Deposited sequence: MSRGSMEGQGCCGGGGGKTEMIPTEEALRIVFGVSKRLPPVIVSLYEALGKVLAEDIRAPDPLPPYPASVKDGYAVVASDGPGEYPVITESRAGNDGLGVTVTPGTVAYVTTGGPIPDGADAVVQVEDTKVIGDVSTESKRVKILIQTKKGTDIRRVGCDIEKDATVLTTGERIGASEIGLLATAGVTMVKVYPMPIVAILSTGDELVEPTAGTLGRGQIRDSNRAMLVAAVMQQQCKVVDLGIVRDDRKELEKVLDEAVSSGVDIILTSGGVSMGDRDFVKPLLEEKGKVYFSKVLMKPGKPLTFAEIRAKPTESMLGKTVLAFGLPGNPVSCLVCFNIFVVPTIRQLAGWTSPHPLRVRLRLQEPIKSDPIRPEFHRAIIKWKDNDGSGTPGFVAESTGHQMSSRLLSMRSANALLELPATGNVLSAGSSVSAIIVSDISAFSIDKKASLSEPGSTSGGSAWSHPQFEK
């Protein structure tokens, strides 16, 4: 039985970034860049107006002037030179005609006469005012995005700015998922027969893997039969998946074949972890016959233990395979809203609902946590709405309301409900 910190280091040490691939612009969203991106031309590529108004010769100053051209886009004002004593109309983003050295926003001007166009400039401007010089936002050949950078909406915007529609990225791993048990029935079952339960771990894990943006290979329910589970595992290993997730069949039962099958097919690094919940977790590395490595997680059958182990061990493995340089989950410090008793032997991953408060109880703003209630590993209602796992050390003491603890954030911090 190894500590969770060691089990994580073993998984990190075995897990390898996947080979990069080439994808289209919208397929690159959410993925990590596997190349640097350089601007092929400057932004703006021409001197551009910051305002709707008039391009002027700054030294002219306030006065009345004829409007010799209008410049909004493309070839507008091409070949026209704004000389001292003239002005040109411009819209925001319009090219500055040759000879103009500043822009006076339309609010500081007045159109004069009926009908030839004339405008009154109401202020003294300064050279360079309200003009974006060539390359002031992005210089030609500047690196706008680098290898190891995760692509979000602004990074998609920068790729589009630089004219990149095919991107080299690290792909997401493909994950096979199966459930084990003679007691299981499909979640479509109505009236349950004696000694049956609906398979809940498979759909829970499919959903968890969908939230990590990975393709899922759903291998269904497997019975407690060694030859049957070996056949499904051999089929999962040779299919091309990168990760295999099983649940159940990893305790002390006489028909728990997951561990001995992973020992035959590959190398089991560990089968027991000092943690509450999640003790019987198995981690193995299998080589598929030519050829590639396949990571196998023998997750515990208990629904809570299953999802806690997914959140702590499988999420960083997916991220590592997908080329994330920082795969660890966000850990914050927070105050307890109620007392919680820690375990005397195993450090606990106590499920909680956390929120940011203007006053965390200590007079300063901070995160606070409420327990989800009874933490029994068979009680999936303890995972309901839990956005964090409180890391309670193995002291056996009652942590009173107001005490501070470390918490792992397991669900979108930007989707956190406010206080």
Compared with the full deposited sequence, the modelled chain skips 1-20, 136-138, 314-318, 448-471
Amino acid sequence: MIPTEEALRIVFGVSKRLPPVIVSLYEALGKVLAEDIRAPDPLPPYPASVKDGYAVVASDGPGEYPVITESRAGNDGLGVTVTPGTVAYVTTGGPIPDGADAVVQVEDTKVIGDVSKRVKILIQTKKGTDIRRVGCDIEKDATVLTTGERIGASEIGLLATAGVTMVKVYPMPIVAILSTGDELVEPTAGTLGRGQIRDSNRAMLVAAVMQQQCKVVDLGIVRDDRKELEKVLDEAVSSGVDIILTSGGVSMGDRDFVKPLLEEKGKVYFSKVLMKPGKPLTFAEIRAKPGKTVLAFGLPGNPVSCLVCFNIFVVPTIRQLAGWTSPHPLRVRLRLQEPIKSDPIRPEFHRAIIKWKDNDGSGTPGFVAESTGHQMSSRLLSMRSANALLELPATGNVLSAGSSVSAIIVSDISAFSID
From here on, numbers count along this sequence of modelled residues.
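Definition used throughout: the rigid core is the maximal C-alpha set that superposes within 1.5 Å between two forms.
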When the rigid core is fixed in 4 other deposited structures of this protein, C-alphas move more for 68-76 or 139-147; answer is 68-76
In terms of RMS C-alpha distance in 4 other deposited structures of this protein following rigid core superposition, 405-413 and 17-25 differ, and the farther one is 405-413
Once average C-alpha B-factors are taken from the entry for 203-211 and 222-230, the winner is 222-230
Quick note on 165-173 and 279-287: per-entry mean CA temperature factor is higher in 279-287
Based on the PDB entry, the highest CA temperature factor among the options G253, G190, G113, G94 is that of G113
Scanning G240, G148, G77, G249 for peak Cα temperature factor in the entry gives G77
Chain-relative C-alpha B factor for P327 (record values, thirds): the middle
Here the Cα B-factor of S24, set against its chain, lands in the third termed lowest
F297: CA B-factor among chain residues, third -> lowest
In terms of its chain's C-alpha B-factors, the third that includes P344 is the highest
Tertile call for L18 (CA temperature factor, within chain, third-based) is the lowest
